[PDB]
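>>> to kick things off, part of the complex as it is:
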Amino acid sequence: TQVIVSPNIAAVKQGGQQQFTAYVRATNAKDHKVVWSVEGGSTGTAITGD
Amino acid sequence: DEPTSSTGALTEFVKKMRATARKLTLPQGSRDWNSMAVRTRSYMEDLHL
């Protein structure tokens, strides 16, 4: 039903990092996989599958 | 959901907690919170989390 990336709002210092966690509000625990993605910026910005 | 793992987990925990606590104090009582399966009622003043 919904996904709550937990850090609602965060500021990140250039050169740093911030792990975000997606809480998946759902019915049954059907092993719903989560796809991480980040938009905007340059190629120096990326996000892992965690 | 082992909430320290996420603010969403935390939130859900809180929701379930407040909900549960309310259920424990509903006027009519319930058997589902006892190990004897007897109709009881607790009070917020008596609840201890």
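That came through, no problem. Numbers count the residues shown, from 1 in each chain, chains lettered A, B, ... in the order given.
>>> OK, contacts around residue A:7?
A:18, A:20, A:21, B:7 (C-beta atoms under 8 Å, 6 or more residues apart in numbering or on different chains). All C-beta spots, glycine's among them, are computed from the backbone N, C-alpha and C.
>>> for residue A:34, same thing?
Residue A:34 makes contact with A:3, A:22, A:24, according to C-beta under 8 Å, 6+ apart.
>>> is the second one bridged to anything, and to what?
For residue A:22, the beta-bridge assignment (DSSP bridges) gives partners residue A:5.
>>> give me the secondary structure label for whatever residue is furthest in space from the centre of chain A.
Distance from the centre of chain A peaks at residue A:28, with 21.5 Å (C-alpha atoms, centre = their mean). Under DSSP: H, G, I helix; E, B strand; the rest coil, residue A:28 falls in the coil class.
>>> tell me the centre residue of chain A?
Short answer for chain A (C-alpha atoms, centre = their mean): residue A:20, at 4.6 Å.
>>> need phi/psi at it.
The phi/psi pair for residue A:20 (degrees, to the nearest 10) reads phi -110, psi 150.
>>> which ones are touching it?
A:5, A:6, A:7, A:10, A:36, A:47.
>>> select only the buried ones of these in ChimeraX?
Selection of buried members from those for ChimeraX, criterion 16 or more other C-beta atoms under 10 Å in any protein chain shown:
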select /A:6
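>>> which one of the contacts of residue A:20 sits closest to chain B?
Taking C-beta to the nearest C-beta as the measure, chain B sits nearest to residue A:6 out of these, at 4.1 Å.
>>> hmm, that closest one is touching residue A:25, no?
No: between residue A:6 and residue A:25 there is no contact under C-beta atoms under 8 Å: 12.0 Å.
>>> give me the number of residues near residue A:15?
6 (other C-beta atoms under 10 Å in any protein chain shown).
>>> quick one: contacts for it?
For residue A:15, the contact set (C-beta under 8 Å, 6+ apart) is empty.
>>> wait, a helix at it?
No: using three-state DSSP, the assignment for residue A:15 is coil, not a helix.
>>> residue A:50 against residue A:18, yeah?
No: Residue A:50 lies out of contact with residue A:18 (C-beta under 8 Å); the separation is 11.7 Å.
>>> and chain A, which residues reach chain B?
A:4, A:6, A:7, A:8, A:21, A:22, A:23, A:24, A:25 (C-beta under 8 Å from any C-beta of the partner chain).
>>> do that again at 10 Å, thanks
Taking C-beta under 10 Å from any C-beta of the partner chain as the contact definition, chain A meets chain B at A:2-8, A:20-25, A:29.
>>> of the residues you listed, keep whichever come out buried.
A:4, A:6, A:23, A:24.
>>> between these, which sits nearest chain B?
Using C-beta to the nearest C-beta, these come closest to chain B at residue A:23, 2.4 Å.
>>> phi, psi for the closest residue to residue A:12 other than its chain neighbours please.
Nearest residue to residue A:12, sequence neighbours excluded (C-beta to C-beta, 6 or more residues apart in numbering or on different chains): residue A:18, at 5.2 Å. Residue A:18 adopts backbone torsions of phi -150, psi 110, taken as degrees, to the nearest 10.
>>> equivalent analysis for residue A:12, please.
Dihedral angles (degrees, to the nearest 10) for residue A:12: phi -120, psi 130.
>>> count of neighbours near it?
Counted with other C-beta under 10 Å, residue A:12 comes out at 10.
>>> what about it, distance to chain B?
17 Å (C-beta to the nearest C-beta, to the nearest Å).
>>> swap in residue A:16?
Taking C-beta to the nearest C-beta, one finds residue A:16 at 20 Å from chain B.
>>> burial measure for that residue, as a count.
Counted with other C-beta under 10 Å, residue A:16 comes out at 7.
>>> same question for residue A:17.
9.
>>> that one contacts residue A:44, correct?
No: checked against C-beta atoms under 10 Å, the pair residue A:17 and residue A:44 is beyond contact range at 11.9 Å.
>>> sequence below should go in as chain C:
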Amino acid sequence: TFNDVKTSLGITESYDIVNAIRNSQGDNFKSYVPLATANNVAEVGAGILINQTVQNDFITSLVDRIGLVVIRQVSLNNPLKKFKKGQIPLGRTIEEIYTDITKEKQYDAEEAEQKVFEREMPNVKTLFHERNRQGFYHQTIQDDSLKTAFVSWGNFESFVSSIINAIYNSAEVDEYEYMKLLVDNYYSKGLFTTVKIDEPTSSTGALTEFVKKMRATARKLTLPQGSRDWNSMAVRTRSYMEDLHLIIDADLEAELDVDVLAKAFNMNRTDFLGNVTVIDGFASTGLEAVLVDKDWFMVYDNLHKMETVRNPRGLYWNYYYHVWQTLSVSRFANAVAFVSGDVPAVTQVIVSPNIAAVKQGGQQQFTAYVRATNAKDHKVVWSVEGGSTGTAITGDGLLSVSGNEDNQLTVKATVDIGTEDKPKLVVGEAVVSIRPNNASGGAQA
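Putting chain C together with the chains above:
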């Protein structure tokens, strides 16, 4: 005295604000163009170091005077003075003693009829402190010669007292610095309980987690039943919230203050709880935010003495401010350091009593306390490293002395961390005095 000296001296000059700049382009500096004496004002805008004689502009034989003398005064004070524990007149060493709890015995009537006088030693630990800094401040005042540099006694006297104010200002500075040293030292000894954090400034999330950890830790430190950890003696202690102090490194404050407290709708819920004190220290790497019991500092005064002497022949006084102090901290008192950057899996291992003292052929059960920064494993390997007889500590801390032991032992509690081909040991230890067991020795059978 001095002859002619150029206007500048310590001027490195970022740029020529005068001609090359003010007198160049009609840009920002254009605003200084209408000024008539700007060149002069700039020339000596920062003041000068040597007041070279200046003859009066009207009467060349008159000399321009010095209209005003401003003696400035300061009072430097040690922020940490509040943690001083008192004065020590006689003696060098301070002994700190702390008892501990024991294990409940099962009630049993019939088996205890032979055990009325059975005995059990109290679990008590100690640690020591001793006088440390012994220094002094030497300061000379040549009053009778100083008189030549003044006109009014108000300034003369103020100046003399100024010199005296340097004394004690320097003491406050040093005292402070040494107390910071104690923190950094205790840290370098791996003694603070380490709470790994991510550099708060790298993200508001990191900062937030830091805040959580702070408050969580503060709570744990004050739980009524106390706790075995949070200190370097591995003793069960308990602190009071009002007795916790949190030492913050300058900038960290602003980080918190601006990003969190400013936005916190209910401020108090993100408050650091303990007595926050801001410093400029933690002269190390990753050390930030130190949370300690107010009795963690063990600072005592041993000597505060101002000696003076005058040299009739030479018209001056020497002042000697002797300051001797005991500088140390308690390992019983709770002490937690938050550390950013990577840390070791284990910072230290505590081996129950540091002084066992056991008779020949006896035994001592030891427990190792591992101060892991992670949350897993770290099984302890035990070793005696003393003599080589029947002495042989078990797979846990049970010592097993040996009827023929006679060398003091050194119980090792080893935590092997890292890759098998690049292992690293974190080792805690304790020593065992060996007492002869008298009877039941020699030969047996």
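>>> quick recheck of the contacts of residue A:15 now chain C is there?
A:44, C:202 (C-beta atoms under 10 Å, 6 or more residues apart in numbering or on different chains).
>>> and what of residue A:50?
By C-beta under 10 Å, 6+ apart, the contact set of residue A:50 is A:19, A:20, A:21, A:34, A:36.
>>> do the same with residue A:21
Going by C-beta under 10 Å, 6+ apart, the list of residues near residue A:21 reads A:4, A:5, A:6, A:7, A:34, A:50, B:5, B:6, B:7, B:8, B:9.
>>> how about a cut-off of 7 Å?
A:6, B:5, B:6 (C-beta atoms under 7 Å, 6 or more residues apart in numbering or on different chains).
>>> swap in residue A:36?
Residue A:36 touches A:47, A:48, A:49, counting by C-beta under 7 Å, 6+ apart.
>>> please redo it, this time with the cut-off set to 6 Å
With contacts defined as C-beta atoms under 6 Å, 6 or more residues apart in numbering or on different chains, residue A:36 is in contact with A:47, A:49.
>>> how close does it sit to chain C?
Distance from residue A:36 to chain C, by C-beta to the nearest C-beta: 15 Å.
>>> so what's residue A:37 closest to, chain neighbours aside?
Nearest to residue A:37 is residue A:47, by C-beta to C-beta, 6+ apart, at 6.5 Å.
>>> so the one you found sits right up against residue A:35, yeah?
No: the criterion here is C-beta atoms under 6 Å, and residue A:47 misses it with residue A:35 at 10.1 Å.
>>> residues shared between the contacts of those two?
In contact with both residue A:47 and residue A:35: no residue, using C-beta under 6 Å, 6+ apart.
>>> returning to that earlier point: ok, now how distant is the residue farthest from the centre of chain A from chain C?
From residue A:28 across to chain C, the span is 30 Å (C-beta to the nearest C-beta).
>>> and residue A:1, by the same measure?
Distance from residue A:1 to chain C, by C-beta to the nearest C-beta: 25 Å.
>>> wait, that residue touches residue A:27, no?
No: using C-beta under 6 Å as the test, residue A:1 is too far from residue A:27 to be in contact (7.4 Å).
>>> how about the contacts made by the closest residue to chain C within chain A?
Residue of chain A nearest chain C, by C-beta to the nearest C-beta: residue A:16 (3.4 Å). Residue A:16 makes contact with C:202, C:203, according to C-beta under 6 Å, 6+ apart.
>>> next up, the contacts around residue A:6.
So residue A:6 contacts A:21, B:6, B:7, B:8 (C-beta under 6 Å, 6+ apart).
>>> nearest residue to it other than its sequence neighbours?
residue B:7 is the one closest to residue A:6 (C-beta to C-beta, 6+ apart), at 4.1 Å.
>>> tell me, how many residues neighbour residue A:48?
Residues near residue A:48, counting by other C-beta under 10 Å: 7.
>>> again with residue A:9
7.
>>> ok, residue A:18 touching residue A:5?
No: if you go by C-beta under 6 Å, residue A:18 and residue A:5 don't touch, sitting 10.8 Å apart.
>>> need the overlap of contacts for the two.
What both residue A:18 and residue A:5 touch, as defined by C-beta under 6 Å, 6+ apart, is an empty set.
>>> how about the contacts made by residue A:18?
So residue A:18 contacts A:10, A:12, C:203, C:205 (C-beta under 6 Å, 6+ apart).
>>> would you point out the most distant pair within the residues you listed?
Greatest spacing in the contacts of residue A:18, by C-beta to C-beta: A:12 and C:205 (8.2 Å).
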